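The form deposited in one PDB entry is given below as one chain in structure tokens.
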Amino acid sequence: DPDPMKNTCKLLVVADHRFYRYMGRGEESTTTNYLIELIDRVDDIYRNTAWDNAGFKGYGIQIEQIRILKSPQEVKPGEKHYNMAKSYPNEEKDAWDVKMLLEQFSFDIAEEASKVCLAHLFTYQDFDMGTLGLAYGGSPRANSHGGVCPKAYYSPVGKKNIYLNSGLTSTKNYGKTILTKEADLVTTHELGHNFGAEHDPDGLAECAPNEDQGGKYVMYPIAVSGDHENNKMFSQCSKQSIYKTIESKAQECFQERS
């Protein structure tokens, strides 16, 4: 019998009412299929990366559970929820303030997020300044305040434990639905932050090549289009950061590939 390999970060995937209506065409099957195919293509990127440029490969992601929120969350006055009909803090805007939305999703999904490596929200809202997603950055440290593997942080206001093993992806930008190849890269980038990578800096040519050299890698701070070969790959900078996080945290919460 082969030795067990805890090499898979299991995900709770949530599609809010906005995603369900505008991406899933108001259908469970259409919503599910989009998310399953997207996670699998993102998994091909992770699972195939040799994090240490040798044998530290086969580390990826798998959906553990899909939660579909078919309707907006009914809220009482002064109450907020990441799945409510209105955007917060400004109801006049198409989208929430992205940082407040991530905080709100982490607060509301807490009980479910405590049981998975990562929780990821899929929404359909046009965040300001070309923002397509947000995630808490991971690290090898036990008290990382985010990323892979749930760690309880108590909320005195909520009187409960909250977890920062979260991220979100929007498939809406500049009033339109983004291409699927763009959506795959956003989730890759967000999970990249969760797995411990920071943005690729301009100061290290190796991690930020010119367009004639295959373009930028996935963790570049200006969102890659997917048009260039490097777009769907992690730079050597991301590989070193992620390798250190995985090495420390796979034994904590990664599981066998299902």
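The first residue of the shown sequence is 1; numbering continues from there. The term rigid core refers to the maximal set of C-alpha atoms that superpose within 1.5 Å between the two forms.
Of the other structures of this protein that model both sides of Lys160, every one gives it coordinates; not a third omit it. Missing-residue comparison: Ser87 falls in the unmodelled set for none of the other PDB entries checked, so it is not missing from a third of them. Between 117 to 125 and 145 to 153, the higher mean Cα B-factor belongs to 145 to 153. Once the C-alpha B-factors are averaged per stretch, 53 to 61 and 39 to 47 rank with 53 to 61 first. In the deposited coordinates, the residue among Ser106, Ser170, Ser87, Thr180 with the greatest CA B-factor is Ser87. In the deposited entry, the Cα temperature factor of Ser238 sits in the bottom third of values across the chain's modelled residues. Among all modelled residues in its chain, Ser71 ranks in the highest third by Cα B-factor. Ranked against the other modelled residues of its chain, the C-alpha B-factor of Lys232 as given in the entry falls in the middle third.
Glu206: CA B factor lies in the middle third for its chain, per the PDB record.
Per the PDB record, residue ranking by Cα B-factor puts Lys99 in the lowest third of the chain.
The discussion below concerns the form deposited in another entry, not included here.
Among the candidates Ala85, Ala152, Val75, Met100, displacement between the shown form and the other one reaches 2 angstroms at the C-alpha for one position only, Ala152 (superposition on the rigid core).
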